[PDB]
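Structure first, then comments.
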Ligand SMILES: C=C(C)[C@@H]1CC[C@]2(C(=O)O)CC[C@]3(C)[C@H](CC[C@@H]4[C@@]5(C)CC[C@H](OC(=O)CC(C)(C)C(=O)O)C(C)(C)[C@@H]5CC[C@]43C)[C@@H]12
Ligand SMILES: O=P(O)(O)O[C@H]1[C@H](OP(=O)(O)O)[C@@H](OP(=O)(O)O)[C@H](OP(=O)(O)O)[C@@H](OP(=O)(O)O)[C@H]1OP(=O)(O)O
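Chains as they are written, first to last, in the numbering used here: chain R, 4 to 105; chain L, 4 to 105; chain E, 4 to 105; chain F, 4 to 105; chain Y, 4 to 105; chain P, 4 to 105.
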């Protein structure tokens, strides 16, 4: 479970940029008195998993063994037409070619 | 029915994330004077139902007994690109494959 | 007629939450100096008519006699991605097969 | 002409709902010093011509002589995705069959 | 070049309404200390060139010598769903027939 | 890497228009105490690479080394439906024909 303030309740806003949410995660973490390792691996597992399925999955899309910067860039394209454009095109064709999903 | 300020009146806004909604709900539940036995289940029954069909529908999808956490992670993903994007993936085949609905 | 401050000037913004629109509907109505009988049916005839061509459309879909609980929620489906989502599914699947309308 | 703050320079923000438009139209007309009768002949032609090419064209779409009630019925659904939707419903179905326009 | 605060640095936000952009243009212009003749010709060459390729192109579309009122009327349709709508419709059919561009 | 407040961290938000991004960038560049040569090229390497996948790739789209006016016009058009649309048409044309990508 994850209570307020605690990074365990820190989740990216679907509209919130990963560039922002990523920050909310680390600053909010400053709000928590977690052991540094408890705060870092948190910054790892809590960040990605709580990073707005869009960014969060993008992180996975980015191929694990990622750098915070990359997912920052891929998940940064989220919020502006970069998303509403690329995702739109991708979903637009996610189904065009892959419509049969099982 | 559900009068204002009561958890019964509590409802995830059409765009309100499961995360935010789950916050005003429980706070509202604090605002309500139902025992924990009456509140905790309101937290169960009212939450899923009042939680905005986007979340509410996911909620039923995850599978009865979905950890509040699971819906807490999925339902919340809704909002900006969260619903614009992911759903575009399903909205896209919702008409292409499922255009005929009966 | 229907000048401002009356329930005859109570409309749901297109993106407006039904729960919101309907909220001002009745506060305005409270201000509207009609009899219980002249105020209450407004709730019915003006709510459906002035409620966002989409919610207005939904209400008919909800099947008259419906408790405001259902129209409020279906209409609650409006605003967030839910509105674009449900509509995208029907209008998109309407313009595909039903593109021919006479 | 039409200088700022005069009903003449009163124009529905592209997105400014007609409801917002008609309220601000009436907020700047009321503000505008045109005879009581002039305001009446302003409230007529300026209202339809300045109300956002969408709410406006709608006012013209309802067929001149459209009770201000009908505009409010149609140009009220403007702004939300209900518009992006209802508009798409026709524009989307207008391009498929009517793409060739001369 | 065009330094900050100058009308040379004044550009319509990609989403910024022409009505808006044109307002700050002239407000900012006053800030710029250009001779009346210099401000008047900036008002013309900088207004169109720095007016958001949507409006900026519209202005040209309106055809040179276009009255500020026409740019204001055509570039005002830019911003909300009024645009996304009109533009999507043309772009949509542009790619249908005109997809081949050379 | 690029720490907080540095022009290195500095990035065109997804909604931050290039004309604005470039505005906080330069203000933020002044904030980081660097030599002229340093700021001279920071303004370059950090302005295009941190430049919002849309504006940034636009710069590269225009052709790197592009005049600030070329990236500015091109990126000052990135923000609203002038963009969310111009792109929707193209990305749409990217997945219609070019959906197959390898
Ligand atoms: C690919 C598809 C399957 C379909 C096939 C063709 C299509 C159709 O007929 O369905 C043409 C219309 C489009 C392109 C939809 C896709 C969806 C989009 C969208 C609903 C997408 C989300 C966008 O909003 C944002 O990005 C958020 C934003 C408003 C900028 C903010 O921050 O406030 C908005 C602008 C609302 C559009 C309007 C155009 C349409 C309907 C297309
Ligand atoms: O007017 P608000 O209630 O504050 O809503 C705004 C508005 O969106 P709409 O087009 O739906 O009216 C913004 O647009 P502008 O007012 O600047 O035109 C938009 O941002 P964009 O300009 O980037 O499209 C932003 O949406 P978001 O930041 O989610 O993309 C959204 O704010 P909220 O939904 O957060 O209220």
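Virtual Cβ for every residue (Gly too), placed ideally from N, Cα, C.
| query | result |
| --- | --- |
| Going by DSSP in three states, residue 23 (chain P) sits in which element: helix, strand or coil? | helix |
| Please classify residue 107 (chain F): does DSSP put it in a helix, a strand, or coil? | Examination of residue 107 (chain F) is not possible in this model, given that chain F is present from 4 through 105 alone. |
| Following a CB-centred definition, is residue 62 (chain Y) positioned closer than 7 angstroms to any heavy atom of ligand 1? | no |
| State yes or no: is the C-beta of residue 84 (chain F) nearer than 7 angstroms to some heavy atom of ligand 1? | yes |
| Determine, for residue 91 (chain F), whether the minimum Cβ-Cβ distance to residues of chain E falls below 8 angstroms. | yes |
| Taking residue 51 (chain F) as the query, report the chain Y residues whose CB atoms sit under 9 angstroms from its CB, ordered along the chain. | Going along chain Y, no residue has its Cβ under 9 angstroms from residue 51 (chain F), so there is no contact; the nearest lies around 14 angstroms. |
| Between Y:38, Y:81, Y:48 and Y:91, which has its C-alpha nearest residue 19 (chain F)'s C-alpha? | Y:81 |
| In the DSSP assignment, what residue or residues form a beta bridge with residue 57 (chain Y)? | None, per the DSSP bridge assignment. |
| With H, G and I counted as helix, E and B as strand and the rest as coil, what does DSSP make of residue 12 (chain R)? | helix |
| Tell me, please, whether the CB atom of residue 88 (chain Y) is closer than 8 angstroms to any CB atom in chain F? | yes |
| Identify the continuous alpha helix (DSSP H) that holds residue 100 (chain F) and give its terminal residues. | 84-101 |
| What does the alpha-carbon distance come out to for the pair residue 24 (chain F) and residue 49 (chain F)? | 11 angstroms |
| Taking 8 angstroms as the threshold, find out whether the stretch 83-100 of chain P comes into contact with the stretch 59-74 of chain P through three or more Cβ pairs. | no |
| Following a CB-centred definition, is residue 87 (chain E) positioned closer than 7 angstroms to any heavy atom of ligand 2? | no |
| Where residue 44 (chain Y) and residue 22 (chain Y) are concerned, what is the direct C-alpha to C-alpha distance, given to the nearest angstrom? | 19 angstroms |
| Can you tell me whether residue 3 (chain P) sits near ligand 2, meaning its C-beta is under 7 angstroms from at least one heavy atom of the ligand? | Here chain P covers residues 4 to 105 and nothing more, so residue 3 (chain P) does not appear. |
| Which residues in chain Y sit within 8 angstroms of residue 96 (chain P), going by Cβ to Cβ distance? | 98 and 102 |
| Check whether the Cβ of residue 22 (chain R) lies closer than 8 angstroms to any Cβ atom in chain P. | yes |
| Give a yes or no on whether the minimum CB-CB distance between residue 14 (chain F) and chain Y is below 8 angstroms. | yes |
| Are there 16 or more other CB atoms within 10 angstroms of the CB of residue 46 (chain R), so buried, or fewer, so exposed? | buried |
| Would you mind reading off the limits of the alpha helix (DSSP H) that contains residue 42 (chain E)? | 39-52 |
| Check the Cβ-Cβ distances between residue 57 (chain P) and every residue of chain A, and say whether any is below 8 angstroms. | In the structure shown, chain A cannot be found, because the protein chains are R, L, E, F, Y and P. |
| For residue 13 (chain L), count the other beta carbons within 10 Å of its own beta carbon; 16 or more makes it buried, fewer makes it exposed. Which is it? | buried |
| For my contact list, residue 102 (chain P) and residue 96 (chain R) are in at a C-beta cut-off of 8 angstroms; report their separation, rounded to the angstrom. | 4 angstroms |
| Got a sec: which bits of the stretch 56-81 of chain Y sit with their beta carbon under 9 angstroms from any beta carbon on chain P, in order along the chain? | 56, 57, 58, 59, 60 and 81 |
| Less than 8 angstroms between the CB atoms is what I'm expecting for residue 78 (chain E) and residue 94 (chain E), so what's the real figure, rounded? | 17 angstroms between Cβ atoms; not a contact. |
| If the cut is a Cβ gap below 8 angstroms, which residues of chain Y does residue 18 (chain F) touch? | 82, 83, 84 and 85 |
| Hey, residue 98 (chain Y) and residue 92 (chain P) are a contact pair by Cβ (cut 8 angstroms); roughly how many whole angstroms apart? | 6 angstroms |
| Using a Cβ-Cβ cut-off of 6 angstroms (strictly less than) and excluding sequence neighbours within five positions of residue 61 (chain F), which residues of its own chain qualify? | 77 and 78 |
| Can you list, in chain order, the residues of its chain whose CB lies under 6 angstroms from that of residue 42 (chain F), leaving out five sequence neighbours each side? | 32 |
| I'd like to confirm something about residue 65 (chain L): is its beta-carbon nearer than 7 angstroms to some heavy atom of ligand 1, or not? | no |
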